[PDB]
Structure formats: C-alpha cells, structure tokens
Amino acid sequence: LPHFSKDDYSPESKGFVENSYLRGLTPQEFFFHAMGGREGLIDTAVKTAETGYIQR
Amino acid sequence: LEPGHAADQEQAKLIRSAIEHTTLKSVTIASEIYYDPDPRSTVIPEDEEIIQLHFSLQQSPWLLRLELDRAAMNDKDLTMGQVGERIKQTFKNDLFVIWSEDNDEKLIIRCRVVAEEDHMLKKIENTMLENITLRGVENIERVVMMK
Amino acid sequence: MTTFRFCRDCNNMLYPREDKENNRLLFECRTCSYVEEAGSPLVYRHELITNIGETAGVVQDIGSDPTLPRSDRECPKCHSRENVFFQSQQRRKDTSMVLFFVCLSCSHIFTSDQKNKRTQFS
Amino acid sequence: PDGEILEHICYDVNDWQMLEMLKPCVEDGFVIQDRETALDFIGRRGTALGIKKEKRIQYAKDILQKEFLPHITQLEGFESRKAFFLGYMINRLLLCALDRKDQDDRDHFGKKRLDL
Amino acid sequence: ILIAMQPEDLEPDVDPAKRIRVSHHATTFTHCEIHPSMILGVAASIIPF
Amino acid sequence: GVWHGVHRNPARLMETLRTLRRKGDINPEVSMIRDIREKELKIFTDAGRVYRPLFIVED
Amino acid sequence: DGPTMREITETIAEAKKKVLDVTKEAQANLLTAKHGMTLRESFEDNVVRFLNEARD
Amino acid sequence: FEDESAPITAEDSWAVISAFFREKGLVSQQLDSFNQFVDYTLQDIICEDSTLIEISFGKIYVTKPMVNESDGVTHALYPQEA
Ligand SMILES: [Zn+2]
Ligand SMILES: [Zn+2]
C-alpha cells in the first residue's frame, strides 16, 4: 500500500490481519481482508460455474 | 525408495540427485569465448596449470570457457570428469574438451571447435547450457524429499 | 564485461577477426576498412547467475525518495546513520532478500548480505 | 551509425550486457546503411512490388511521420524525438528481458483510465 | 508517496478493547489520509462497523 | 506519455511542479510522479485518471 | 477472557518475532533455500506457517 | 483560543470531507466530466476537421433545454416535465 515503506516484508504489510473481527480491522487489514475476500467470491463464482458444468 | 533403504536420508538424496534433471545450465557460473590461439601457452592465467596437467600419465584458436559452480556442482553429486566426459560424449569429436580437475579452486571446461568460428561456438555454448544432460531424468525438474 | 568498440571513422560496430599469421585478435569494421588490435581476448560473456542491476537505481536523490525505508546502520566509509535501504533491484525469483543501503551523507552503497563477494556492486 | 543508434537505446556505455543483447540487432540491420535504403526497406514492406522507389520511400516517410508513434508529433522535424522514444522502448523491453525489470503490472490502476 | 493512515500517525497502557494498529515508523510522510473510511463507495458506506 | 526531454537536477523541477499545482497555477488534477530510481519524471494531464484527495504533510 | 486476550496478543506478537527473525536471517542471506525452492519462495513459506501456527 | 495553527485531530477530517462534499456533491465525476465536454471538448471537436476541400465551422452555442413541440412553441423544457 502507499502507506508502507518500500520493501516492507512484515506481517502487517504483507497482509496478516492481526485483529479479531470483534476488535475490528485496521484500514489496511480491512483492505487486505477485502482483497482476500474478493479472491474468495471471484472463484466462488468460478467453482460455481465450472462445478455447475462438470456435474452436467 | 527400495524396501531395504527407506530411512537413509543419504540414499533418498542419492536417488533425488540421480533423478532430478540436471543441466549444464544449472551448474555453470558463466561462459566466455576467448580468442586463445596457442593450445599450449594461454592468455588465461587460471588455466596455465590446467593445460600443464593435461600433458601427463584440428583445434580452433577460439575457446569456449565455462566456469562451473561447486555449490550446485557437488550438491547434484557431480564430478568435473563426469560433466566433462558428458560434453565430450555429446559433441563426439566435433569438440575438443578439457577440464580442470576436482581439486582446483576454479572449475573449468575449456572447449574448442575441431573461419566462421565465433558463431559456431555461441551455438555450441548454447547446445551445452540448454541441451546437455549431466544427470537425471528429463522433465523431472524439482525433486523434493519428504518423510 | 566485454566492453566493445565502434570504429574511429564510421562509428559502426566492430567484429572480432584473427591475425592468422601472428596469432592475435583484431577487430575489423565491416563498413569502413578500419581495424584495431583487441584489448582483452574476451569476445563473449554470458553471465548465467548475474549481479549487474542490483545497484541500478542509485541516484544523487535516492534519499529524497520518501517511499524508501530508512534504517540506522553504519556505513563502512563515513559511519553516518542516515541510510535508505532497498532490496536487490534485479527482478529475478532467484534473488535474495539482501538489502542494499545508500549512505545519504557520502552516497555510499553497502549491503546486509553477510556473504559479500563483490567489491563495486555495479 | 551503430554507435549512434545504440546510444539512443543504451544510455550506459558500461552496460555491456544490454549492448551485447543488441549485438544481433546491429547485425540484423546490417544490410542497410543509409536513411533512404532504410526508408526503402520499410516502404517495401508496406507496399506492392509495382511501386516506384520514391513513392515507396515517401510512403515509409509518411508512416514514420504519422503512424509510428503518432502521440509524439505528427508534423515533420521530430525524428530524433521518435528515435529517442523508440530507443527508450527497446530499452525498457530489454531491461525486462535481462531479468532486471519486472514486466508491467497489467492491473495497476494508475495506468487505467475511467471513461465518463 | 508515503501516506499516513490517521493524522495521529504523524505524532513523534494501550486499550485491550482497542484493535492493534501498526507503528508510525517514518518521518517521510508526504501525505495523510483524510479519513480511511472514505475508501468505501456508497453501498458500503451504509454498513455499520 | 510523451518523452519531452531531460532534466539534470529534477527534484528542483519537482519542487516547483508540486508548488505550482499546490497554488493553482498548474491544475490540481494534474498528476506528477517522479520515479527517483528510474531517472523518470512523468507528468499526467489527460482525463480519465482516477484520483482522490489527501492531506498534504509537509515539513 | 481478559487474560486470554493477553495470551492471544502475546501469541501473535510471538510470531511477529519468528517472522522478524527469519526476515533478518534472510536479509543477511543466512536462510538456506530448501532444495528446489528459492530463498524468496521458502522465506514466505516459513512466514505464512508462522503466521498460521499463530492464528491457530 | 483554539489556536489556528493547532494540529488537526482525527475528528476534524469530517469537516474537510463535509467541505469536499459541499463543493463537489456525490456525482461530480459525472458532471465535471460532462461539463468539461460541453464547455471545451465540444468546441474542440468543431475545430478538428473543420475544413472541407470551403465551409469552416466556428463557435458553438449550447442552448438551455428545449422541446420540439409537434404543433406549437419550442418550449422551455423542465427535467421533471421531460
Ligand atoms: Zn568503420
Ligand atoms: Zn557511508
């Protein structure tokens, strides 16, 4: 993100959400979670579409 | 691994190496084409000792000199002799091969065509780095051991 | 390092030729009739596991670059802890996470690599 | 002249690796040694075999002036402007080929535009 | 650029209730975010927490 | 996108470019990125560039 | 439990060292690449497992 | 008194966002986009190829919205009505 320095390989930088959902997520955590999330839905749409047709 | 040797972490390795496709590319640090015209004296210091050593119990002035890396060289359980007589059995006689031995601090295969030379060599240099199979079965690229 | 030469006159590329008689290396042009004796005998070099490009990026302003991370190690030339570090700028997978730092006082590049083999890093 | 061309591509005389990548380019364009033969070479790969040299050259002269990198300049005197840009292209291309650069991220947003 | 998340990330025990937010290690900030909840669109701007 | 030329001592260009835009004298929407380690300073004026506002932190 | 949260916060902050140590390790060039795996390939591999062993 | 050089607090951001929205509203990307067209880009299209081998086209005048009334006055068109 433009909020870290260049070549930052720490967990916080590279996308470890430290917090529980109870605690709430930092904006980075929130956006990285959003990234992982979008990966999920994207290929939840793939798994639905390919599986749909395999089964047929 | 064969029943009798399953635990032998060293035989797992010895098979791993003898299976994992191991190209010249993976064991050579750099290639260089020198004009080095006299097949006795040489414009390369670190090789004077090696031509001397290959006179004890034709050739173009253009020399293809490969500097090999011990790291991956002994890792893949490999001999200079083995790398050498491989290239020497890959290019029939169509290449004069000579190599530093396994003691010498720098590992070196020196090769000549045997005039449109500098070009046949950059071809052969490639036919080496890419094509020649030092060790392993082709298409087996990584080979991981696991318990 | 096969630093190679262009003709004095026409300024095209020179191509290596052999003095068959005296056994030495020339470099004719193939446009004009120019020719020069060879410097080193090294006509070709193919660096399989490369270095050059790891330093690439080192500018008089590198430290003005705010996105660069800044540590406080000591440079083996002027000891000033005004450093700005990046990883090897080559973009291979088989690159290390070796950091390169630039001293922003004497503009010196040094390295976190404890296996230092090279001298100029160029 | 080679030296000149390479200077447009390779802004670094020590970068022997890049210049050594181009070695065969310099060779690949060996047959052609002056702007007109070059302009003709192009003309011919844009034209039918019937067409006359001048027209051919003139076709290649208009393509380089209007089709080749048109966002630089479409008028006349700007040949160095394209040579240089084209050099820079060949540059970046090789700088990528030499495992010295990451190939462009297609999905970076700064290099997208939203049409509205 | 280098952007601060909250202005208070410029500033030169911790609530156990609070989330755990990253350090402010940089005197290099060229910008700071107005408010990070402005990374959201409209639909998402309605979602509480 | 157009290579317009060259400039030794860019940061002194960069300052001004930034300061001009921060006045109003260069249009705010105009985007200038200096890639220090690339020897490049790319200015952008074309429409379509999605942008957002930020607080300027200056020393 | 108030304390569990400290154990949890500790558990995590105990992995960010592990990750940090492997970072320092690798930036030094002391991490040996696992056979047929790049440094960068195997550094991540470690970090990801640390951060998972952690979450878990 | 509330030093007019005191640093901004996290709270204050909203004020700036208020200002942002006061000024631009929620669909500026549309309007400005369409406006820069009507104001400039429009007239800039009537100057490219504004020459025929003469007839050259000059200024552009954009009316307020109006209707082609079948039987009657070219009428001031109100959005709601439309
Ligand atoms: Zn010449
Ligand atoms: Zn120093």
# chains A, B, ... in the order shown; residues from 1 in each chain; ligands from 1
>>> residues_around(residues="residue 18 in chain F", least_positions_apart="5", cutoff="10 Å", atoms="only C-alpha atoms", output="count of residues only")
10
>>> closest_atom_pairs(of="chain C", to="chain A", cutoff="8 Å", atoms="only C-alpha atoms", output="CSV")
residue,atom,partner,partner_atom,distance
C:67,CA,A:5,CA,5.1
C:68,CA,A:6,CA,5.1
C:69,CA,A:5,CA,5.1
C:86,CA,A:7,CA,6.2
C:87,CA,A:7,CA,6.6
>>> write_last_selection(atoms="C-alpha atoms", output="PDB file, in the first residue's frame")
ATOM      1  CA  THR C  67       8.794   5.764  -0.117  1.00  0.00           C
ATOM      2  CA  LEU C  68      12.210   4.299   0.608  1.00  0.00           C
ATOM      3  CA  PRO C  69      12.641   2.753   4.036  1.00  0.00           C
ATOM      4  CA  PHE C  86      16.037  -1.286  -0.781  1.00  0.00           C
ATOM      5  CA  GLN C  87      16.291  -4.884  -1.918  1.00  0.00           C
TER       6      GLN C  87
END
>>> atom_distance(atom1="CA of residue 31 in chain B", atom2="CA of residue 55 in chain C")
22.8 Å
>>> residues_near_ligand(ligand="ligand 2", cutoff="12 Å", atoms="only C-alpha atoms and all ligand atoms", output="list in words")
residues 72, 73, 74, 75, 76, 77, 78, 79, 80, 81, 82, 83, 84, 101, 102, 103, 104, 105, 106, 107, 108, 109, 110 and 111 of chain C
>>> residues_near_ligand(ligand="ligand 1", cutoff="6 Å", atoms="only C-alpha atoms and all ligand atoms", output="NGL selection string")
:C and (7 or 9-12 or 29 or 31-32 or 34)
>>> atom_distance(atom1="CA of residue 10 in chain E", atom2="CA of residue 37 in chain E")
18.4 Å
